[PDB]
$ cat work.txt   # compact mmCIF, N, CA, C and O atoms and all ligand atoms
# COMPACT_ATOMS: atom_id res chain seq x y z
N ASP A 1 83.45 6.12 27.81
CA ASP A 1 81.96 6.20 27.85
C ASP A 1 81.38 6.41 26.47
O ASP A 1 82.12 6.38 25.48
N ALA A 2 80.06 6.61 26.42
CA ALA A 2 79.30 6.76 25.17
C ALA A 2 79.75 7.99 24.38
O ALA A 2 79.81 7.98 23.15
N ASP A 3 80.10 9.04 25.11
CA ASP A 3 80.54 10.28 24.48
C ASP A 3 81.93 10.14 23.90
O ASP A 3 82.20 10.61 22.82
N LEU A 4 82.80 9.48 24.64
CA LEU A 4 84.13 9.23 24.16
C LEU A 4 84.11 8.45 22.81
O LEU A 4 84.86 8.78 21.87
N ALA A 5 83.22 7.46 22.70
CA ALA A 5 83.07 6.68 21.47
C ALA A 5 82.56 7.56 20.33
O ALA A 5 83.09 7.50 19.21
N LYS A 6 81.55 8.39 20.61
CA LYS A 6 80.95 9.20 19.57
C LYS A 6 81.98 10.19 19.01
O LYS A 6 82.16 10.34 17.79
N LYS A 7 82.74 10.79 19.92
CA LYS A 7 83.74 11.77 19.54
C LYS A 7 84.86 11.15 18.70
O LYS A 7 85.48 11.81 17.89
N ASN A 8 85.11 9.86 18.90
CA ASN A 8 86.14 9.23 18.14
C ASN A 8 85.64 8.43 16.96
O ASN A 8 86.36 7.60 16.45
N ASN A 9 84.42 8.73 16.53
CA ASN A 9 83.71 8.05 15.47
C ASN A 9 83.57 6.54 15.50
O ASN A 9 83.43 5.88 14.47
N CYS A 10 83.55 6.00 16.69
CA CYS A 10 83.23 4.62 16.86
C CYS A 10 81.86 4.33 16.35
O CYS A 10 81.61 3.22 15.83
N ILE A 11 80.96 5.28 16.58
CA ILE A 11 79.54 5.07 16.42
C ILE A 11 79.18 5.12 14.92
O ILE A 11 78.09 4.69 14.49
N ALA A 12 80.07 5.65 14.11
CA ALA A 12 79.77 5.63 12.70
C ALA A 12 79.75 4.21 12.18
O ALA A 12 79.05 3.89 11.18
N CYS A 13 80.49 3.31 12.85
CA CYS A 13 80.56 1.88 12.40
C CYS A 13 79.99 0.88 13.40
O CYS A 13 79.70 -0.27 13.02
N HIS A 14 79.87 1.28 14.66
CA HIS A 14 79.36 0.42 15.70
C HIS A 14 78.10 1.02 16.37
O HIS A 14 78.08 2.20 16.68
N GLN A 15 77.06 0.21 16.59
CA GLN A 15 76.01 0.55 17.60
C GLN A 15 76.27 -0.27 18.83
O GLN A 15 77.03 -1.24 18.80
N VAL A 16 75.63 0.10 19.93
CA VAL A 16 75.73 -0.67 21.17
C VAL A 16 75.03 -2.02 20.99
O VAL A 16 75.62 -3.08 21.26
N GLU A 17 73.78 -1.95 20.52
CA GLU A 17 72.87 -3.07 20.43
C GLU A 17 72.83 -3.76 19.07
O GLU A 17 72.42 -4.92 18.99
N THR A 18 73.22 -3.12 17.97
CA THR A 18 73.07 -3.86 16.71
C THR A 18 74.35 -3.84 15.86
O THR A 18 75.24 -3.00 16.05
N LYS A 19 74.44 -4.78 14.92
CA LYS A 19 75.52 -4.75 13.92
C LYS A 19 75.21 -3.65 12.91
O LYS A 19 74.15 -3.70 12.30
N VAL A 20 76.09 -2.66 12.75
CA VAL A 20 76.05 -1.81 11.53
C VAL A 20 77.18 -2.27 10.55
O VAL A 20 76.97 -3.18 9.75
N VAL A 21 78.39 -1.74 10.68
CA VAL A 21 79.53 -2.23 9.90
C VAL A 21 80.39 -3.16 10.78
O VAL A 21 80.66 -4.31 10.38
N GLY A 22 80.80 -2.68 11.95
CA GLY A 22 81.54 -3.49 12.94
C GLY A 22 80.50 -4.21 13.81
O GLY A 22 79.29 -3.87 13.74
N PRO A 23 80.94 -5.21 14.60
CA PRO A 23 80.05 -5.90 15.51
C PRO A 23 79.35 -4.95 16.52
O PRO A 23 79.85 -3.83 16.81
N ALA A 24 78.20 -5.37 17.02
CA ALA A 24 77.58 -4.56 18.05
C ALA A 24 78.54 -4.51 19.25
O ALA A 24 79.18 -5.53 19.60
N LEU A 25 78.69 -3.33 19.85
CA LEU A 25 79.48 -3.20 21.13
C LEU A 25 79.16 -4.26 22.21
O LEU A 25 80.08 -4.87 22.78
N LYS A 26 77.88 -4.52 22.45
CA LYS A 26 77.52 -5.52 23.43
C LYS A 26 77.90 -6.94 23.10
O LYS A 26 78.23 -7.69 23.98
N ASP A 27 77.92 -7.31 21.82
CA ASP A 27 78.43 -8.57 21.39
C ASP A 27 79.93 -8.68 21.67
O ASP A 27 80.40 -9.71 22.12
N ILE A 28 80.70 -7.61 21.41
CA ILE A 28 82.10 -7.59 21.81
C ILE A 28 82.25 -7.76 23.30
O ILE A 28 83.06 -8.59 23.72
N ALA A 29 81.50 -6.98 24.10
CA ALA A 29 81.53 -7.15 25.58
C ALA A 29 81.33 -8.60 25.93
O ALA A 29 82.05 -9.14 26.76
N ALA A 30 80.36 -9.25 25.30
CA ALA A 30 80.00 -10.63 25.73
C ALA A 30 81.06 -11.66 25.29
O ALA A 30 81.43 -12.53 26.05
N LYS A 31 81.56 -11.52 24.07
CA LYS A 31 82.55 -12.47 23.56
C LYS A 31 83.76 -12.56 24.52
O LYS A 31 84.31 -13.62 24.79
N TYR A 32 84.22 -11.40 24.92
CA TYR A 32 85.42 -11.28 25.74
C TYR A 32 85.12 -11.14 27.26
O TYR A 32 86.03 -10.91 28.02
N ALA A 33 83.87 -11.32 27.71
CA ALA A 33 83.55 -11.34 29.16
C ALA A 33 84.44 -12.25 29.98
O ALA A 33 84.87 -11.89 31.05
N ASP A 34 84.70 -13.46 29.49
CA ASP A 34 85.53 -14.45 30.17
C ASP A 34 87.02 -14.13 30.08
O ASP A 34 87.81 -14.49 30.97
N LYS A 35 87.41 -13.47 28.99
CA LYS A 35 88.79 -13.44 28.52
C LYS A 35 89.77 -12.65 29.39
O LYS A 35 89.53 -11.53 29.86
N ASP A 36 90.91 -13.30 29.58
CA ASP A 36 92.04 -12.74 30.29
C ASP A 36 92.70 -11.60 29.50
O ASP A 36 92.99 -11.74 28.32
N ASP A 37 92.88 -10.46 30.15
CA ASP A 37 93.55 -9.35 29.56
C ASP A 37 92.67 -8.80 28.42
O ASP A 37 93.18 -8.27 27.44
N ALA A 38 91.36 -8.98 28.55
CA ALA A 38 90.35 -8.54 27.59
C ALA A 38 90.60 -7.08 27.25
O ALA A 38 90.69 -6.70 26.07
N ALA A 39 90.80 -6.27 28.32
CA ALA A 39 90.89 -4.80 28.18
C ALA A 39 92.08 -4.40 27.37
O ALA A 39 91.99 -3.49 26.55
N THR A 40 93.22 -5.05 27.58
CA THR A 40 94.41 -4.64 26.85
C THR A 40 94.34 -5.25 25.44
O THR A 40 94.78 -4.62 24.47
N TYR A 41 93.79 -6.47 25.31
CA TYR A 41 93.54 -7.05 24.01
C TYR A 41 92.69 -6.08 23.20
O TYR A 41 93.05 -5.76 22.09
N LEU A 42 91.55 -5.65 23.76
CA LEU A 42 90.70 -4.65 23.05
C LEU A 42 91.36 -3.30 22.75
O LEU A 42 91.22 -2.75 21.65
N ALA A 43 92.04 -2.74 23.76
CA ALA A 43 92.76 -1.47 23.57
C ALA A 43 93.67 -1.57 22.32
O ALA A 43 93.72 -0.64 21.46
N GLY A 44 94.39 -2.70 22.21
CA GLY A 44 95.26 -2.95 21.09
C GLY A 44 94.53 -3.03 19.74
O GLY A 44 95.00 -2.48 18.74
N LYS A 45 93.39 -3.71 19.69
CA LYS A 45 92.59 -3.76 18.46
C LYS A 45 92.08 -2.41 18.09
O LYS A 45 91.97 -2.10 16.89
N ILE A 46 91.73 -1.59 19.08
CA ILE A 46 91.16 -0.27 18.81
C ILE A 46 92.22 0.63 18.17
O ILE A 46 91.95 1.32 17.15
N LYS A 47 93.44 0.59 18.71
CA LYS A 47 94.49 1.43 18.14
C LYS A 47 95.14 0.85 16.89
O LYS A 47 95.56 1.60 16.02
N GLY A 48 95.27 -0.47 16.83
CA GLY A 48 96.09 -1.08 15.81
C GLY A 48 95.34 -1.53 14.58
O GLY A 48 95.96 -1.73 13.55
N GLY A 49 94.02 -1.71 14.70
CA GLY A 49 93.19 -2.29 13.62
C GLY A 49 92.77 -3.73 13.93
O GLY A 49 93.28 -4.32 14.88
N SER A 50 91.85 -4.28 13.13
CA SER A 50 91.38 -5.66 13.30
C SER A 50 90.94 -6.22 11.94
O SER A 50 90.44 -5.49 11.07
N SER A 51 91.10 -7.51 11.76
CA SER A 51 90.78 -8.16 10.52
C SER A 51 90.43 -9.61 10.81
O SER A 51 91.23 -10.31 11.45
N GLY A 52 89.24 -10.03 10.37
CA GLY A 52 88.86 -11.46 10.34
C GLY A 52 88.11 -11.98 11.55
O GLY A 52 87.58 -13.12 11.47
N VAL A 53 88.02 -11.18 12.65
CA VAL A 53 87.44 -11.71 13.89
C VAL A 53 85.90 -11.84 13.75
O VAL A 53 85.29 -12.76 14.24
N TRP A 54 85.30 -10.89 13.06
CA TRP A 54 83.85 -10.79 12.93
C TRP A 54 83.23 -10.91 11.57
O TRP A 54 82.01 -10.84 11.49
N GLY A 55 84.03 -11.06 10.50
CA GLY A 55 83.51 -11.01 9.11
C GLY A 55 84.61 -10.53 8.17
O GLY A 55 85.78 -10.57 8.53
N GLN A 56 84.28 -10.14 6.95
CA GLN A 56 85.35 -9.75 6.01
C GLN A 56 85.79 -8.27 6.05
O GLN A 56 86.85 -7.93 5.52
N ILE A 57 84.98 -7.38 6.59
CA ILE A 57 85.34 -5.98 6.62
C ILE A 57 86.38 -5.77 7.75
O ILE A 57 86.14 -6.17 8.90
N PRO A 58 87.55 -5.21 7.41
CA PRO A 58 88.62 -4.92 8.38
C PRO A 58 88.29 -3.63 9.11
O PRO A 58 87.59 -2.80 8.55
N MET A 59 88.76 -3.47 10.33
CA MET A 59 88.61 -2.21 11.03
C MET A 59 89.94 -1.50 10.87
O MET A 59 90.94 -2.07 11.16
N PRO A 60 89.93 -0.24 10.42
CA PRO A 60 91.17 0.47 10.30
C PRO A 60 91.69 0.85 11.70
O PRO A 60 90.90 0.93 12.64
N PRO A 61 93.02 0.99 11.84
CA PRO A 61 93.55 1.43 13.11
C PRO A 61 92.97 2.80 13.38
O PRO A 61 92.84 3.60 12.45
N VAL A 63 92.59 3.09 14.64
CA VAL A 63 92.05 4.43 15.01
C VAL A 63 93.07 5.21 15.86
O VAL A 63 93.62 4.68 16.84
N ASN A 64 93.33 6.46 15.46
CA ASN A 64 94.31 7.30 16.09
C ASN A 64 93.82 7.88 17.44
O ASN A 64 93.44 9.06 17.50
N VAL A 65 93.75 7.08 18.49
CA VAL A 65 93.43 7.61 19.80
C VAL A 65 94.69 7.42 20.65
O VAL A 65 95.54 6.58 20.33
N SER A 66 94.81 8.20 21.71
CA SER A 66 95.90 8.01 22.69
C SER A 66 95.78 6.62 23.42
O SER A 66 94.71 6.03 23.44
N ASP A 67 96.86 6.13 24.02
CA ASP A 67 96.71 4.94 24.87
C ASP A 67 95.58 5.08 25.87
O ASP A 67 94.80 4.10 26.07
N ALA A 68 95.52 6.24 26.55
CA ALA A 68 94.51 6.41 27.64
C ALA A 68 93.08 6.30 27.13
O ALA A 68 92.25 5.66 27.74
N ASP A 69 92.78 6.92 26.00
CA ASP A 69 91.42 6.78 25.38
C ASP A 69 91.01 5.35 24.88
O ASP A 69 89.86 4.88 25.09
N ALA A 70 91.97 4.71 24.22
CA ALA A 70 91.93 3.28 23.85
C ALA A 70 91.63 2.42 25.06
O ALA A 70 90.76 1.54 24.97
N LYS A 71 92.30 2.67 26.20
CA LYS A 71 92.02 1.89 27.37
C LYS A 71 90.63 2.24 27.91
O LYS A 71 89.83 1.34 28.27
N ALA A 72 90.29 3.52 27.98
CA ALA A 72 89.00 3.84 28.57
C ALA A 72 87.85 3.28 27.69
O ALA A 72 86.84 2.84 28.18
N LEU A 73 88.01 3.29 26.38
CA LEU A 73 86.98 2.77 25.47
C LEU A 73 86.87 1.26 25.61
O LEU A 73 85.76 0.74 25.61
N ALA A 74 88.01 0.57 25.74
CA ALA A 74 87.95 -0.90 26.02
C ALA A 74 87.26 -1.22 27.33
O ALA A 74 86.41 -2.11 27.41
N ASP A 75 87.63 -0.52 28.39
CA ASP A 75 86.99 -0.73 29.71
C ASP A 75 85.52 -0.46 29.64
O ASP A 75 84.71 -1.21 30.22
N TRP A 76 85.16 0.63 28.93
CA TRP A 76 83.75 0.97 28.68
C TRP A 76 82.97 -0.13 27.90
O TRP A 76 81.89 -0.54 28.34
N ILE A 77 83.50 -0.62 26.78
CA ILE A 77 82.81 -1.71 26.02
C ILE A 77 82.58 -2.92 26.91
O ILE A 77 81.45 -3.46 27.01
N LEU A 78 83.65 -3.32 27.61
CA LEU A 78 83.48 -4.35 28.65
C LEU A 78 82.27 -4.17 29.61
O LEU A 78 81.74 -5.17 30.10
N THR A 79 81.81 -2.94 29.86
CA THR A 79 80.69 -2.78 30.80
C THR A 79 79.33 -2.93 30.13
O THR A 79 78.32 -2.99 30.82
N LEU A 80 79.32 -2.99 28.79
CA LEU A 80 78.10 -3.11 28.00
C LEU A 80 77.60 -4.54 28.00
O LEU A 80 76.91 -4.98 27.11
N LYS A 81 78.01 -5.30 29.00
CA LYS A 81 77.38 -6.54 29.30
C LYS A 81 76.19 -6.05 30.10
O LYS A 81 76.22 -6.03 31.34
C1 LIG B 1 84.53 1.70 10.54
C2 LIG B 1 85.30 2.26 9.58
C3 LIG B 1 85.00 1.52 11.99
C4 LIG B 1 85.33 2.49 12.87
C5 LIG B 1 85.39 4.04 12.64
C6 LIG B 1 85.63 1.87 14.13
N1 LIG B 1 85.45 0.50 13.98
FE1 LIG B 1 85.68 -1.05 15.38
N2 LIG B 1 85.36 -2.54 13.96
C7 LIG B 1 85.03 -2.25 12.66
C8 LIG B 1 84.98 -3.50 11.95
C9 LIG B 1 84.64 -3.68 10.46
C10 LIG B 1 85.31 -4.58 12.97
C11 LIG B 1 85.46 -6.08 12.75
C12 LIG B 1 86.92 -6.36 12.40
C13 LIG B 1 87.18 -7.85 12.45
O1 LIG B 1 88.22 -8.25 13.05
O2 LIG B 1 86.36 -8.67 11.94
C14 LIG B 1 85.56 -3.88 14.19
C15 LIG B 1 85.92 -4.46 15.40
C16 LIG B 1 86.08 -3.83 16.60
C17 LIG B 1 86.37 -4.44 17.92
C18 LIG B 1 86.57 -5.94 18.21
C19 LIG B 1 87.95 -6.43 17.78
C20 LIG B 1 88.12 -7.87 18.16
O3 LIG B 1 89.26 -8.38 18.05
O4 LIG B 1 87.17 -8.57 18.55
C21 LIG B 1 86.40 -3.44 18.81
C22 LIG B 1 86.65 -3.54 20.33
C23 LIG B 1 86.13 -2.19 18.09
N3 LIG B 1 85.94 -2.48 16.75
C24 LIG B 1 86.03 -0.93 18.66
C25 LIG B 1 86.05 0.29 18.04
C26 LIG B 1 86.19 1.57 18.73
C27 LIG B 1 86.31 1.64 20.28
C28 LIG B 1 86.21 2.56 17.81
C29 LIG B 1 86.38 4.08 18.05
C30 LIG B 1 87.62 4.57 18.18
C31 LIG B 1 86.07 1.92 16.51
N4 LIG B 1 85.97 0.55 16.69
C32 LIG B 1 86.03 2.53 15.28
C33 LIG B 1 84.78 -1.01 12.13
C34 LIG B 1 85.09 0.23 12.68

$ encode --input "work.txt" --output "structure tokens"
Amino acid sequence: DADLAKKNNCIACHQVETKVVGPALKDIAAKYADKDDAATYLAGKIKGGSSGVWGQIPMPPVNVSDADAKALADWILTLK
């Protein structure tokens, strides 16, 4: 949820509705709305890092547990 993201400093780089440093959360929700295994694909990007999908700034890997990574991915998916 929104609190889980704030506590893990997602929000320092992401807004729900707008681009700050990382893509807007809702744009991520929409890009992967169709996508198979979207949630596990996202969980993996959240824990492992990301580079090149949205622009030149890389996202550093974030130290969350598997369970939090999954809940944050499932949550972003609902921001459609
Ligand atoms: C700034 C230092 C960041 C913090 C802290 C978090 N994220 Fe991020 N994110 C950031 C950038 C610069 C990018 C784009 C990277 C790229 O590939 O171009 C991203 C991207 C994501 C994505 C989408 C990945 C994809 O393959 O499409 C997700 C789902 C995402 N970020 C989520 C996320 C969460 C849940 C965070 C809290 C733990 C978080 N990010 C931290 C920048 C930064």

$ residues_near_ligand --input "work.txt" --ligand "ligand LIG 1 (chain B)" --cutoff "7 Å" --atoms "only N, CA, C and O atoms and all ligand atoms" --output "ChimeraX atom specification"
/A:4-6,8-14,21-23,28,41-43,45-46,49-60,63-65,69-70,73-74

$ residues_around --input "work.txt" --residues "residue 30 of chain A" --least-positions-apart "2" --cutoff "8 Å" --atoms "all atoms listed in the file" --output "ChimeraX atom specification"
/A:24-28,32-35,77-81

$ select_by_dssp --input "work.txt" --residues "chain A" --states "alpha helix (DSSP H)" --output "PyMOL selection string"
chain A and resi 2-7+25-31+38-48+67-79

$ atom_distance --input "work.txt" --atom1 "atom CA of residue 76 of chain A" --atom2 "atom CA of residue 29 of chain A"
9.0 Å

$ atom_distance --input "work.txt" --atom1 "atom CA of residue 39 of chain A" --atom2 "atom O of residue 68 of chain A"
10.6 Å

$ axis_aligned_box --input "work.txt" --around "segment 27-37 of chain A" --padding-each-side "3 Å" --output "AutoDock Vina command-line options"
--center_x 85.7 --center_y -10.7 --center_z 26.2 --size_x 21.6 --size_y 13.5 --size_z 15.7

$ atom_distance --input "work.txt" --atom1 "atom CA of residue 1 of chain A" --atom2 "atom CA of residue 72 of chain A"
7.5 Å
